[PDB]
Each structure stands twice: as structure tokens, then as C-alpha cells.
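Below sits a lone chain in C-alpha cells, taken as the form solved without the RNA.
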């Protein structure tokens, strides 16, 4: 068995302290180990992001515009969680594909069947006025050309919608398929437990102050670093059993999940953080139909 003792998990990309040369053979390895693993990955990250905004007092009264929201099964859990806490939020889910019917019939959630473009963003901005906007993007076209187009669209989402905060899908093009340098919003690179086994994807979390929008250039040398840091995390770290983590599941991803869930607010008062987390995890897995 692959045992180890850890203090905390890598919560952000910047904390990864080592790297490994990417082995193309990893692409053939088992990518997922749990049913609806993708919904779980998304739910944990967005719950983490949203609970942070609650902490800063920027969630209440906002309209969450989620682009690339379909099927969006996990979004029903998020909506219920904050709705039950007494937080007032309006949800606007936009995608060209159809959403999970469990999202229907809620006065606080609007479903839109449309593929967004710059022109549409303008029209919704005019209509959402004067509500504060929280942007969540999970759009998917891939090729480096596909990625660049998605990232360009994501920057336009921020420029046109002018959100108070945002969570953006972020995966750096692989160096071997580099095309040209580009810019992304400055923010924290939140790492994702339950991401596919060898995925280099993370979520860019940003909070906007004043009327400023700070961007950061991404170069091919940055791309090499992303590839090696993420490969080390995936090949080595995520395959660790944290034996000093007293929890029903000691695998790294559960240890990491624990640290994200401990930041979530609940109506029910618990005697220990461990108690709250086991409760939240149980609740989450039951909702998604994960054993």
C-alpha cells in the first residue's frame, strides 16, 4: 500500500512543490473510479468557491450566471444548500443543451437554452441590471485552438458581465501543442479532488475590486511547468493513503475533500469539524447516487 502522513493537502496550484516529466502512457490509464465523478468534482469546487463569497458577504443578493451549466444535476444540490441557509440568490443557467429536469419549477432558477456569444452577453447584462453578478463558467467546445477560443470567450464574459466574482474552467495547453501566448484573469488556482486521474484542469477563482481587471500572460514555459506540476500531483500525490487522517476513507482525494468541506456553513451545529464533514460528504454522495 502507498502510505504517508500529511499536515494538509495542496489546495492551490502554487503550493505544488515538485514535478515529474509527463508520461504519455498515462493517457491510457483508468480516468475515473466513481459514478457521476464529474458532477462530484464540480459540486465540491463550486461549494468551496460560493462558501468563500458568503464569508466575504458577497453572495447574498447576487445572481449567479452559470454558462455551460447542462446537465447541471449537481447544481440542484448547491441551490438547495444556500436556499436552506436563508441566503437569497437567483440562478440563471445557460447552455445550448438541456438541463436535468430536477432544476425545473424553482422560481429562483431560470434555465436558458442558448449558446452564448458576445452579443447575447450584452443583452443579458442589460436585463440583469442592476443586480450584482457572480460568474461560473464550465463551457467546453480539445485542440489548443479550441481552448484558446474558450478562454477568449471567458474573458469576454468577465468584461461584458462585469461580475463581483468568478470561477472559470482552466487547463493550460500542453507545450507540445503550443500555438501562441494568451492572457487569463488573475485569481487563485483551486485544485480539484475527484478530477479525472491525469487531468491538468483546475478552477480559476477571482474576486473583483474597484473597476480593475488584472490579467496574466501565459507562456509556453508556463505550459511546461503546468504539465510537470500537474503530472507530479496526479501520478504521485493523489495516489497516497494519508494514514494519519482518521476518516472512513484515507485516500488523498478524500483528505483534500475534507479540507474543502470544512469551510462550508451548516444550520445544524456539530461537536467536531469531522462530524460536519462526514455529514456533508454523506449528504453529497446520497444526492448524486454515489455509494
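Numbering follows the first chain given and starts at 1.
Absent from the display: the form deposited with the RNA bound. The rest refers to it.
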Does each of 24, 235 and 239 have at least one heavy atom within 4.5 Å of the RNA in the deposited complex?
-> no
Given that the RNA is left out here, which of 248, 35, 57, 61 has a heavy atom within 4.5 Å of it in the deposited complex?
-> 35
Taking the shortest heavy atom distance, is residue 110 within 4.5 Å of the RNA in the deposited complex?
-> no
So in the deposited complex, does any heavy atom of residue 199 sit within 4.5 Å of the RNA?
-> yes
Contact of residue 44 with the RNA in the deposited complex (heavy atom, 4.5 Å) = no
May I ask you to state whether residue 126 is within 4.5 Å of the RNA in the deposited complex, using heavy atom distances?
-> no
Sort through 261 to 269, 36 to 44, 248 to 256, 219 to 227 and report the only stretch with a non-hydrogen atom within 4.5 Å of the RNA in the deposited complex.
-> 36 to 44
